[PDB]
Number of protein chains: 2
Amino acid sequence: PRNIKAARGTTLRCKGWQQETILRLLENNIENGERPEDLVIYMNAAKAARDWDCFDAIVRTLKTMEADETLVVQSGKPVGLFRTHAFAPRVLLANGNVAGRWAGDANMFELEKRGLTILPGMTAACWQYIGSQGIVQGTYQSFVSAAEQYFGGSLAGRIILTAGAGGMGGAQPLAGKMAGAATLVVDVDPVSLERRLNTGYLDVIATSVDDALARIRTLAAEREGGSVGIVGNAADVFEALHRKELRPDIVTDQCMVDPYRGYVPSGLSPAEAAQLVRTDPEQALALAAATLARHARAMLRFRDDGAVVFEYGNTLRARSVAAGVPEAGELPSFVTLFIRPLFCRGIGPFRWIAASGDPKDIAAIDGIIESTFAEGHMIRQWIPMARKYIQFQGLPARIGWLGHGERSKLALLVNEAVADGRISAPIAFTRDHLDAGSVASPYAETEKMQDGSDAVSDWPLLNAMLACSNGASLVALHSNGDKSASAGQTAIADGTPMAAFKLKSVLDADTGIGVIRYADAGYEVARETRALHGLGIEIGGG
Amino acid sequence: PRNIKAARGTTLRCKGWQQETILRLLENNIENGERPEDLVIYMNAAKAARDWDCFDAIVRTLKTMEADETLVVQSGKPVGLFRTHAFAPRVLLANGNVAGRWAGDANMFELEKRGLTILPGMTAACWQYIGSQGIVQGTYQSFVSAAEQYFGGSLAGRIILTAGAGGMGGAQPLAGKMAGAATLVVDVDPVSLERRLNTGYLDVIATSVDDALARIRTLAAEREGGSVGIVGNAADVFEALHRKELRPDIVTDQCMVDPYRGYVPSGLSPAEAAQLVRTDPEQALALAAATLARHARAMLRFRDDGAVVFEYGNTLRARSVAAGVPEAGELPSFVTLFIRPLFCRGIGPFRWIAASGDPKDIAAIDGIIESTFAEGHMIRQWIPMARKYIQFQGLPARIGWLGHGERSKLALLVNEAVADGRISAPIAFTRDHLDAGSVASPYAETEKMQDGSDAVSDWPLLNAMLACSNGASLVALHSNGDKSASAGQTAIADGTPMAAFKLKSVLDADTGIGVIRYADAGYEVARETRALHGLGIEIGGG
Ligand SMILES: NC(=O)c1ccc[n+]([C@@H]2O[C@H](COP(=O)([O-])OP(=O)(O)OC[C@H]3O[C@@H](n4cnc5c(N)ncnc54)[C@H](O)[C@@H]3O)[C@@H](O)[C@H]2O)c1
Ligand SMILES: NC(=O)c1ccc[n+]([C@@H]2O[C@H](COP(=O)([O-])OP(=O)(O)OC[C@H]3O[C@@H](n4cnc5c(N)ncnc54)[C@H](O)[C@@H]3O)[C@@H](O)[C@H]2O)c1
């Protein structure tokens with residue numbers, strides 16, 4: 001038992017607070033991981049570092065590096081330390097990037113097996129994970145937008161069905177509950193439900209399908225929001241819930257559907273599945289695809305009854321198409337129905353973390369927001385909700401979606417609050433990679449762009465390079481094999497005037513490049529936002 | 001006729017010399033382009049900007065931007081201007097990057113057609129092309145290493161056969177001549193040979209195959225180096241040169257073999273080929289692949305006779321394999337035979353350009369080198385050769401391969417020479433993208449890496465991010481569809497102490513990350529270089 005835990009308090013182990021914050025962020029990733037003794041954070045096998053040896057050497061370099069040197073990380077392995085300057089980043093990471101033609105599913109698996117790459121996830125290998133809370137606002141925003149679009153602004157009395165209680169999926173049953181819906185989440189692995197049940201993200205774990213149906217219908221009939229977990233395989237349980245007439249209003253899914261990493265064929269356990277992939281991969285893929293076709297056909301069968309059925313960024317439709325269900329490619333997605341209007345204004349999963357470990361530092365910022373943004377603002381209705389439902393996990397932190405100009409504004413107020421004692425230690429500002437100007441993903445975030453530019457990955461590359469040029473504390477470029485590319489970045493509010501400058505340079509360009517990206521594709525709200533903030537360039541013949 | 005030409009002299013059109021140098025570099029790209037009225041620089045269709053409108057807006061932004069702002073370029077289109085700081089780059093470019101699964105040959109063509117991407121080449125869309133001279137030292141180094149490995153250190157009396165007299169290929173007949181060999185270059189387009197003939201890169205253009213054979217044999221019999229061009233299709237001419245018993249010692253090829261961009265089927269002209277691709281692409285590909293199979297089989301037939309036959313980074317083997325010649329995949333390449341030992345020590349196509357336009361500024365640096373590096377050094381034997389054979393093209397410039405620590409050393413001496421009047425204006429230092437630590441290309445530069453890491457593209461991403469963090473003047477990330485990713489960078493020696501700092505920060509990490517990349521793969525010379533310069537990190541369990 002390594003049992004990594006982020007350091008608490010205000011005593012440096014590093015030569016300076018930039019380094020110590022990143023070290024604590026690294027430790028905090030592991031502390032909140034789904035399988036932390038394997039470095040696994042989430043998405044079945046996305047890791048904080050390539051192995052425990054690289055983890056140890058990363059920790060040593062953080063502790064002794066100077067404020068004008070920069071650590072270089074190649075797929076979870078520290079490979080260099082360069083003398084740079086004080087306004088440059090302290091860490092540069094590039095994880096899981098493989099040239100497209102050889103980044104197919106099968107070869108990524110082989111390269112990872114041989115130790116040549118890691119699967120970075122989004123926030124796993126760049127140390128920006130804050131547990132299940134980093135996901136919950138986005139998923140709650142989706143359920144609320146769905147209630148606004150299709151159910152008259154209310155999920156009271158409505159049924160939400162979904163699967164996946166993993167590191168990201170586990171945020172589902174709380175978001176549904178916060179949204180007013182009776183929410184049923186299927187997971188094949190009881191430990192996953194047990195982890196959400198104990199963390200405050202699941203209300204009860206049902207003992208059977210019948211039991212699950214009675215408890216959801218009671219919530220539905222009382223028109224109360226609540227969460228009900230079921231232990232079972234989504235293929236088998238989805239079909240039984242249709243035979244028993246659950247009649248769900250909303251069906252979605254956040255399973256790991258990767259046959260190589262996490263999708264459990266019907267009849268197997270998670271353990272058996274992972275062993276069949278190590279010893280007989282071709283049978284596993286045959287069994288996985290067999291189970292996914294039933295899984296997808298069951299979701300399509302709920303749609304035929306009138307449920308709103310969408311994908312939630314896990315490649316279910318495409319992988320389902322590959323397994324013989326071409327109708328699965330005609331299902332919609334959470335992005336095109338709910339999130340893209342937010343991205344057009346640069347609104348994304350902005351988050352922050354108290355290196356202190358003191359919950360009073362988060363509550364402090366919570367008061368800043370309520371004194372700083374107008375009532376009715378998206379963020380003024382989220383903070384009371386987060387305060388109410390969301391337990392801290394590891395270093396106290398907060399998810400707070402904000403748009404262009406608003407991120408730099410809050411970050412400067414927090415940097416001043418640090419500078420004058422209301423906050424006891426530095427605040428790390430970061431985000432998910434799935435932000436307006438930092439990801440190209442044709443299966444998810446950039447599906448069906450107005451101008452057809454789905455697969456253009458120039459944008460995240462520019463996002464990273466801007467973050468470096470602006471002085472972010474840590475900058476990362478990831479890939480999901482041949483399907484997606486994205487940029488992440490961390491900027492530290494430590495109280496210094498140097499921090500204040502970086503925070504406003506970094507954050508305004510972070511969202512500014514997102515506004516530009518969507519304006520370029522033709523979205524009119526983004527084009528107006530770009531015109532208003534001077535974000536454009538005059539090009540003739542237009 | 002736009003007829004772009006780089007500005008000469010020492011009068012600013014921009015607000016500062018960082019901006020004016022980049023503008024002149026942009027203009028210089030076009031001035032030296034193979035088809036400059038279409039923005040085409042080289043590689044059939046790689047362009048300086050997406051269209052003439054973006055070109056004009058890029059020029060306007062350069063002229064009015066401040067020394068603490070940064071211009072952002074997305075596939076040849078200016079998309080943003082951000083307030084950054086004085087130690088950040090002035091331009092960030094990301095050109096031709098498309099997410100892997102959709103960056104296949106056919107879809108890249110469609111995306112370019114619809115105006116959504118550009119093919120950046122290496123130095124075309126990031127404004128680091130210095131004409132055919134940027135290629136000649138590398139190709140001469142290959143011919144000389146081949147003479148050292150297989151022909152006793154001499155090509156006197158030896159025959160070199162090859163094809164492609166394009167922007168890059170045109171460097172071949174001069175490199176062969178400089179190397180002592182009788183060099184025959186086939187190109188299907190007489191204007192290409194005429195351009196090399198007039199620029200000093202081709203000695204004579206033959207009137208027929210017979211004529212070509214007589215003149216090469218005369219050079220061979222006099223054991224003199226010389227260049228002979230032939231107008232014809234490589235498939236037809238290679239076969240005839242075998243029927244007539246040319247018996248070449250060395251066979252290589254630098255054709256554009258892309259059926260979509262530049263490869264001419266046998267019986268067609270360049271014009272007809274490009275029209276058949278616009279109006280009937282499926283017949284063009286059938287005819288191209290038919291011609292390439294004969295082209296490759298003819299090269300293989302020279303090998304069966306005992307010629308040394310290698311590929312030169314144009315994908316001939318892979319595309320030949322796709323067209324039905326699987327033996328073409330067993331041919332070697334210039335990288336694995338000649339260049340990789342240089343890359344292990346960070347030795348790469350370092351180059352520099354006089355924004356002055358005054359040849360006396362290049363000759364000045366030429367004297368610095370001869371006063372600074374030991375006799376017998378690679379660079380002390382190249383400068384007299386370059387002085388002797390290489391005419392200036394556009395802004396006077398110089399190719400000068402140098403290794404780790406040597407690039408920053410020369411760059412600081414030039415920055416001082418600028419600071420004290422021996423050089424009349426700033427010097428722009430750059431390189432090809434095909435450098436040790438800045439490209440992942442499994443078909444070429446990273447084929448058959450000792451550890452199997454051919455397709456790892458983390459490295460160029462890190463190279464770019466380092467250049468930004470270190471304050472390079474311009475930083476670029478390109479892709480060749482799904483086959484390659486690479487980084488470029490420009491750093492300006494303008495005489496300032498700020499320039500001196502950036503030059504040493506940028507160049508040492510530029511090569512330092514290249515040493516690391518090859519040390520990581522296991523190359524012992526690179527591992528020693530890394531140990532010597534403190535470039536590593538201690539990792540346990542090793
Ligand atoms: N913002 C977003 O776009 C977003 C949000 C949430 C989740 N996701 C996607 O969801 C996927 C998983 O993320 P994660 O971190 O939760 O992974 P995880 O590995 O932590 O959880 C995977 C879960 O699926 C479960 N499960 C697997 N196969 C099953 C099957 N046949 N039937 C029922 N349950 C099964 C596993 O037991 C496991 O608990 C990812 O692909 C992620 O990208 C995306
Ligand atoms: N350092 C390196 O690795 C290196 C060096 C030189 C060239 N190259 C490769 O060589 C390719 C071309 O580069 P370029 O800039 O010279 O392109 P280019 O478009 O300027 O020239 C292409 C040439 O091939 C000729 N040609 C085309 N088809 C032919 C055919 N069937 N028969 C005979 N001749 C034919 C065209 O007429 C044209 O002159 C590129 O793919 C480049 O990557 C690589």
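We use all heavy atoms of the structure for the numbers below, so side chains are in, but hydrogens, waters and symmetry mates are not. Below, chain A is the first sequence line, B the second, and so on; all start at residue 1.
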I'd like to know if [X] pairs up with [Y] as an ion pair, taking the criterion as any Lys NZ or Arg NE/NH1/NH2 lying under 4.0 Å from an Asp or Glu carboxylate oxygen.
{"X": "A:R527", "Y": "A:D520", "answer": "no"}
{"X": "A:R345", "Y": "A:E528", "answer": "no"}
{"X": "A:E370", "Y": "A:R387", "answer": "yes"}

Which atom names give the shortest non-hydrogen contact between [X] and [Y], and what distance separates them?
{"X": "B:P120", "Y": "B:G96", "result": "CD-CA, 4.1 Å"}
{"X": "A:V515", "Y": "A:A526", "result": "CG1-O, 3.4 Å"}
{"X": "B:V73", "Y": "A:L462", "result": "O-CD2, 3.8 Å"}
{"X": "B:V475", "Y": "B:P89", "result": "CG2-CG, 4.1 Å"}
{"X": "A:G176", "Y": "A:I160", "result": "CA-CD1, 4.2 Å"}
{"X": "B:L461", "Y": "A:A94", "result": "CB-CB, 4.3 Å"}

[X] side chain to [Y] backbone, donor-acceptor under 3.5 Å:
{"X": "A:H533", "Y": "A:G512", "answer": "no"}
{"X": "A:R303", "Y": "A:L331", "answer": "no"}
{"X": "A:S453", "Y": "A:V456", "answer": "no"}
{"X": "A:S408", "Y": "A:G405", "answer": "yes"}
{"X": "B:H85", "Y": "A:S469", "answer": "yes"}
{"X": "A:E416", "Y": "A:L412", "answer": "no"}
{"X": "A:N415", "Y": "A:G495", "answer": "yes"}
{"X": "A:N95", "Y": "A:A125", "answer": "yes"}
{"X": "A:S132", "Y": "A:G167", "answer": "yes"}
{"X": "A:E447", "Y": "A:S333", "answer": "no"}

Is it true that, when you exclude B:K113 itself, more than 12 heavy atoms of the residues, nucleotides or ligands shown sit nearer than 6.0 Å to its NZ?
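Yes - once you tally the heavy atoms of other residues, nucleotides and ligands closer than 6.0 Å, there are more than 12.
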Over 12 non-hydrogen atoms of neighbours within 6.0 angstrom of CD in A:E148:
no
By side-chain hydrogen bond (donor to acceptor under 3.5 Å, both in side chains), which residues pair with A:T252, not counting sequence neighbours?
none
How many angstroms lie between CG in B:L71 and CG in B:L81, if you round to the nearest 0.5 Å?
6.5 Å
What's the separation between atom CD in A:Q254 and atom CE in A:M43, rounded to the nearest 0.5 Å?
11.5 Å
If you apply the rule ring-ring contact (aromatic ring centres under 6.0 Å, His included), what do you find for A:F338 with A:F143, and how did you get there?
CA-CA 9 Å; A:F338 307 135; A:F143 288 155; 8.5 Å; no
Full working for side chain to side chain contact (heavy atoms under 4.5 Å, CB included) between A:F350 and A:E406
CA-CA 10 Å; A:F350 198 53; A:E406 296 179 320; over 6 Å; no
Less than 4.5 Å apart, side chain to side chain, heavy atoms only: is that true for [X] and [Y]?
{"X": "B:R60", "Y": "A:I537", "value": "no"}
{"X": "A:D249", "Y": "A:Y150", "value": "no"}
{"X": "A:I347", "Y": "A:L402", "value": "no"}
{"X": "B:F82", "Y": "A:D508", "value": "no"}
{"X": "A:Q172", "Y": "A:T183", "value": "no"}
{"X": "A:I513", "Y": "A:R517", "value": "no"}
{"X": "A:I353", "Y": "A:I130", "value": "yes"}
{"X": "A:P396", "Y": "A:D361", "value": "no"}

Name the one of A:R380, A:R398, A:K388, A:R422 that satisfies salt bridge (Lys or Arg N to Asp or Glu O under 4.0 Å) with A:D366?
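Of the listed residues A:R380, A:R398, A:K388, A:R422, the salt bridge (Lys or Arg N to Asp or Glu O under 4.0 Å) partner of A:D366 is A:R398.
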Assess the side chains of [X] and [Y]: does a donor N or O sit below 3.5 Å from an acceptor N or O?
{"X": "A:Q141", "Y": "A:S145", "answer": "yes"}
{"X": "A:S457", "Y": "B:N97", "answer": "no"}
{"X": "A:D253", "Y": "A:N314", "answer": "yes"}
{"X": "B:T84", "Y": "A:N470", "answer": "no"}
{"X": "A:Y518", "Y": "A:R530", "answer": "no"}
{"X": "A:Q393", "Y": "A:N32", "answer": "no"}

Salt bridge (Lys or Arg N to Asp or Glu O under 4.0 Å) evaluation trace for B:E112 with B:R50:
CA-CA 9 Å; B:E112 192 193 310; B:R50 203 184 306 195; over 6 Å; no
Worked verdict on A:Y140 versus A:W382 for side chain to side chain contact (heavy atoms under 4.5 Å, CB included)
CA-CA 10 Å; A:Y140 164 84; A:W382 171 252; 3.6 Å; yes
Checking A:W459 against A:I516 for the side chain to side chain contact (heavy atoms under 4.5 Å, CB included) test, could you report, in this order, the C-alpha distance in whole Å, the side-chain angles of both residues, the deciding distance, and whether it holds?
CA-CA 9 Å; A:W459 300 106; A:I516 291 164; 4.0 Å; yes
Is the NZ or CZ atom of A:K502 positioned over A:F87's six-membered ring, under 6.0 angstrom from the centre and within 45° of the axis?
yes
On the six-membered ring of A:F373, is A:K409 placed so that its NZ or CZ lies under 6.0 angstrom from the centre and within 45° of the ring axis?
yes
List the atom pairs, donor and acceptor, that lie under 3.5 Å between side-chain atoms in residues 427-436 of chain A and the rest of the protein, sequence neighbours left out.
from   : atom 1 : to     : atom 2 : distance (Å)
A:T430 : OG1    : A:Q128 : NE2    : 3.2
A:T430 : OG1    : A:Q489 : O      : 2.9
A:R431 : NE     : A:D510 : OD1    : 3.3
A:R431 : NE     : A:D510 : OD2    : 2.7
A:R431 : NH1    : A:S438 : OG     : 3.4
A:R431 : NH1    : A:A487 : O      : 3.0
A:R431 : NH2    : A:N463 : OD1    : 3.0
A:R431 : NH2    : A:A487 : O      : 3.4
A:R431 : NH2    : A:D510 : OD1    : 2.9
A:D432 : OD1    : A:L434 : N      : 3.4
A:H433 : ND1    : A:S486 : OG     : 2.9
A:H433 : NE2    : A:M122 : O      : 2.9
A:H433 : NE2    : A:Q128 : OE1    : 3.4
A:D435 : OD1    : A:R407 : NH2    : 3.0
A:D435 : OD2    : A:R407 : NH1    : 2.9
A:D435 : OD2    : A:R407 : NH2    : 3.2

For A:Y312, enumerate each residue passing the ring pair (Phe, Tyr, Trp, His ring centres under 6.0 Å) test, keeping only those at least two apart in sequence or located in another chain.
A:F334
Can you check side chain to side chain contact (heavy atoms under 4.5 Å, CB included) on A:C126 and A:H478, steps first, answer last?
CA-CA 9 Å; A:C126 50; A:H478 296 188; 3.7 Å; yes
